**Q** 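Here it is, the structure in full.
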2 protein chains.
Amino acid sequence: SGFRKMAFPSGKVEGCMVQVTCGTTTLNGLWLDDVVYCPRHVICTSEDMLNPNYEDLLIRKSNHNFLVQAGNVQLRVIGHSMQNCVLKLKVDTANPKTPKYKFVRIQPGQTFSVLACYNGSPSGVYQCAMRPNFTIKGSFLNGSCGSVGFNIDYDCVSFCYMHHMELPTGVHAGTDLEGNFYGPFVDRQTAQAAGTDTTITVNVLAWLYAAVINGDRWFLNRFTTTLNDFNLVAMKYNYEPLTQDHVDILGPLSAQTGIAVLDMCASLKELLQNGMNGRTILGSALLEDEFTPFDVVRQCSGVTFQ
Amino acid sequence: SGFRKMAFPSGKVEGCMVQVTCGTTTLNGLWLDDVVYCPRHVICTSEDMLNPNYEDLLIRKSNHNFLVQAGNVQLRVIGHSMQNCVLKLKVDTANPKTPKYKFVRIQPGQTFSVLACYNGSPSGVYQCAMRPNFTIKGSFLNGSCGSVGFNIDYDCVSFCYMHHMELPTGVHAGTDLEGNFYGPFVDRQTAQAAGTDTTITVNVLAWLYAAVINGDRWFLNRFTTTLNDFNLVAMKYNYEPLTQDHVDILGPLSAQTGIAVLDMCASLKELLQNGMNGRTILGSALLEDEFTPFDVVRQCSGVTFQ
Ligand SMILES: CC(=O)Nc1ccc(C#N)cc1C(F)(F)F
Ligand SMILES: [Cl-]
Ligand SMILES: [Cl-]
Ligand code: NA
Ligand code: NA
């Protein structure tokens, strides 16, 4: 029994983290095969950061301008180039600890594990969701840039996030591992803000199913609803629209618990309109939206990553 | 910025998890140097649940009755002994992945990371606290016994928990790595029940200091309290007594934020009286008690916001 916000085991990614120094800046890199990936803003001064021309800044750098430490051994950079907002540093040695991996770009609402790192040293691991407004509600201090986010699907690590910056409201923005930002952000010191966020409806439903599976049933009721009717309610409460694909994805949980998705939607409608009346669900007084349907199924079945 | 339930990177522990099989029972073991640690109830049969005599069960076993598998490799068991409620299986290979480590018994309120495992392979990592009633609120399915909890200081893994059983309320009980249970529990299926649980007051105060550090002051007030008056109030809400030890422990966070410990106690008193009135603290609508003072200092900046 029990339900906890759970990260993937981080060992396979820990073996890939390195320290990258350029000038006075140190941050983290991801060492896979013979390339180290890190944010291209590592090459900027604070003045550069105000309006950078990254190609122009890069051409003045030599391979030897990039100090890369894997643990306590230096890595020899032998080439350098950019792909979108990530710098690719070719090194003379393949990482012997490279896991089976892919670069994937995730959708808003999808979750992933973040391995927060400082000076190439992993320091903590936690679970995030890509918010509808394309930020993540992370926990990052100075020096964490280049920390990565990932899922594990078999023995394959799917890298999906590189940390780049913190927005004024304290949430975070980054890229996929091909250097494409999530969200309407740029790697420049200029006025930027998170857009208004919304709640991930299909994930809240997943968590309600998790709650039922764990014996928390007080919010269940006799009523059901329709998609159109429910989506009117969702829109009024700044919840994302629930689509038919969402319903299909929740199918397994509906069959296992005996609560059809629109049956559960009626529970959620009543919770939105009336609150929780002093009660909690899985120990929370808020409706939790950073568990995907897959997260709930995985944690409520015991899937492992040897 | 940000504040998350953050676990330690699990890779150092991942490299120690093995599968231990005895008869029809399979569970997890912890392989350090040439010893595999696991719950002694692995030797119990279906008749042995209520009043096992472990000395009598164990003396009937030979080294080759224990099957230990590390990844795809069988390890050879060359010795076995019982220490309290853990079995120590001596094997013919030192684990080449053994980290720097120690065994430490923790006190209620202390936090640690759990690497949930099944069949010797890690599933997920999350953060737990030893409750005042010596249980933990984990996420554990059948086959998770022998999963461990740990902290990592620098590069040294401190193992502090081994998972043994789930109590009827769905909370979890286990031992330190010397096999001594936390709390009054025993490895028998005789009826036993967790004591009423209480809130870890010093941790709530730590977390309120975290909120101030990340820039939230809305819950402070102009008042203070004596330590004894605080405790008289807080225990009416099922909060643990706050000791002078706890007040001393909070000194650093008090100095960093400029809010005296007993002034923060006054804020807590008001929060218990008033609730949050539709507001949140660090993203929660409930007061959080599974962050220790040490956790807050490790995760938060050293510079308080405003
Ligand atoms: C002071 C400053 O330049 N802040 C800043 C702003 C945006 C981005 C991006 N992307 C990165 C930074 C940096 F410097 F913290 F790396
Ligand atoms: Cl302790
Ligand atoms: Cl909450
Ligand atoms: Na219903
Ligand atoms: Na293993």
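Atoms within each ligand, like the ligands themselves, are counted from 1 in listed order. Letters A, B, ... are given to chains in the order of the sequence lines, protein chains preceding strands, and every chain is numbered from 1. Because only heavy atoms are used, hydrogens play no part in the values below, and waters and symmetry mates are left out as well, while side chains stay in.
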**Q** Apply the ring-ring contact (aromatic ring centres under 6.0 Å, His included) test between A:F3 and each candidate in A:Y209, A:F291, A:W207; give the one that qualifies.
**A** A:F291
**Q** Below 3.0 Å, any N, O or S contact between A:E270 and the Na ion (ligand 4)?
**A** no
**Q** Report yes or no: is the cationic atom of B:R105 (NZ for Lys, CZ for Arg) under 6.0 Å from the centre of the six-membered ring of B:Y182, at an angle within 45° of the ring normal?
**A** yes
**Q** Indicate if the distance from the Na ion (ligand 4) to the nearest N, O or S atom of A:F223 falls below 3.0 Å.
**A** yes
**Q** Would you check if B:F230 and B:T201 make a side-chain contact, meaning some heavy-atom pair closer than 4.5 Å?
**A** yes
**Q** Which single N/O/S atom of A:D263 lies at minimum distance from the Na ion (ligand 4)?
**A** OD1
**Q** State whether A:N221 contributes an N/O/S atom found under 3.0 Å from the Na ion (ligand 4).
**A** yes
**Q** If you draw the axis of the six-membered ring of B:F159, does the NZ or CZ of B:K102 fall within 45° of it and under 6.0 Å from the ring centre?
**A** no
